[PDB]
Peer 1: 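One structure coming up, written as structure tokens, with questions to follow.
If you read the sequence from its start, that first residue is 1, and numbering goes on from there. Worth knowing before you read on, the calculation uses all heavy atoms, side chains too, and leaves out hydrogens, waters and symmetry mates. Both counts, for ligands and for their atoms, begin at 1 and track the order of listing.
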Amino acid sequence: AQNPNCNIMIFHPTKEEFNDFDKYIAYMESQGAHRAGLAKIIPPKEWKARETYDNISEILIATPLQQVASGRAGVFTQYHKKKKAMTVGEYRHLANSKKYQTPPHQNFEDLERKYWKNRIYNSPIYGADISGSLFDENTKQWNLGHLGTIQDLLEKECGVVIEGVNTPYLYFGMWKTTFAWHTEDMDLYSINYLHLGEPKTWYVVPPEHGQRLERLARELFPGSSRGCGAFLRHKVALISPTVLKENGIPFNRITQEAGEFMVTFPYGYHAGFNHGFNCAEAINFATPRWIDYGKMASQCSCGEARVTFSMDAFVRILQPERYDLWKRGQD
Ligand SMILES: O=C(O)CNC(=O)C(=O)O
Ligand SMILES: [Mg+2]
Ligand code: NI
Ligand SMILES: [Zn+2]
């Protein structure tokens, strides 16, 4: 068995190996990358996502989200308070202001300490889930707006044609902006490209140990757990590395820098935070190995998790027994 300790693996594909996305995902898994739940891919030195980022300030963040925390430093929830629209130019200015800017620090480790110590006492503003792409249309390799669709993968594997589309999303972040512990919708893969700015730190639980994380979460968030059998689908719960270690939960951590891809694998729980002003782009995707995870994915039916149009068909074809109840939650 490749990568038995489930370490996060880092790949350095050549420009030749960067041509065929599917084949490279398959190669990574042949080396055991999926066991970690997360991998880093450093693109070849010849490659670029686009020529410059000099002209992005007029993108609109229609609904910036203020992330308000409750709980204790290592075990908290966050809710998202809607703010008035602002442009990326205005957001970058806000990120850099004295109130919101990254504090002086020695290194990534010092900054990680300061994040877990102090995150709960601030409410950073996140420009999340903005439909769109920053990849130049002429970028042919690993262009997140030109991947094969999850609807075509399901059709190719299973023979059934379904409605739905699959497009990327942009994330504008600042210091302390936070992504809660989650897996992807329908336990899909994700890919995330850090286009510009300051780093993003990630934590991940191996897919084979996901249920250990869920069991801890039910103990740490007991009211949430009673309210819904899959409350991590709400994307609001945070548990620190210190707390995970104290409870024997297997995990790994890695920091992503501008110009690097991350891939999360089916049923790999992940969480993390931004170091300062940045811009990431991400999309879900599927492979043949995903299908079995799709069929077994938990679902939120309490009504909070409210998800895309395109998830309907996945639940309808892969989870016909669940479909009724899950759709009652959606409607
Ligand atoms: O970048 C973020 O805020 C969150 N991203 C992810 O959870 C992902 O790419 O799967
Ligand atoms: Mg612009
Ligand atoms: Ni994710
Ligand atoms: Zn729920």
Peer 1: State whether a side-chain donor-acceptor pair under 3.5 Å links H80 with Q66.
Peer 2: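 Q66 and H80 do not have a side-chain donor-acceptor pair below 3.5 Å.
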
Peer 1: If you stand at the Zn ion (ligand 4) and look out to SG of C228 and NE2 of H234, what angle do those two lines make, to 10°?
Peer 2: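 The two atoms form an angle at the metal of about 110°.
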
Peer 1: Could you check whether the rings of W142 and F18 sit parallel, tilted or perpendicular, using 30° and 60° as the cut-offs?
Peer 2: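 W142 vs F18 ring planes: parallel.
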
Peer 1: In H270, what N, O or S atom is nearest to the Ni ion (ligand 3), if we give its atom name?
Peer 2: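 Of the nitrogen, oxygen and sulfur atoms in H270, the Ni ion (ligand 3) lies nearest to NE2.
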
Peer 1: Among the N, O or S atoms of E184, which one sits nearest to the Ni ion (ligand 3)?
Peer 2: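 Looking only at N, O and S atoms of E184, the one nearest the Ni ion (ligand 3) is named OE2.
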
Peer 1: Would you mind checking if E90 and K84 are paired as a salt bridge, meaning a charged N to carboxylate O distance below 4.0 Å?
Peer 2: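 So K84 does not pair with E90 through a salt bridge.
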
Peer 1: Which class fits the ring pair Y193 and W47: parallel under 30°, tilted 30 to 60°, perpendicular over 60°?
Peer 2: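 It falls in the perpendicular class, over 60°.
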
Peer 1: About how large, to 10 degrees, is the angle SG of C302, then the Zn ion (ligand 4), then SG of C300?
Peer 2: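 My answer is 100°, to the nearest 10°.
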
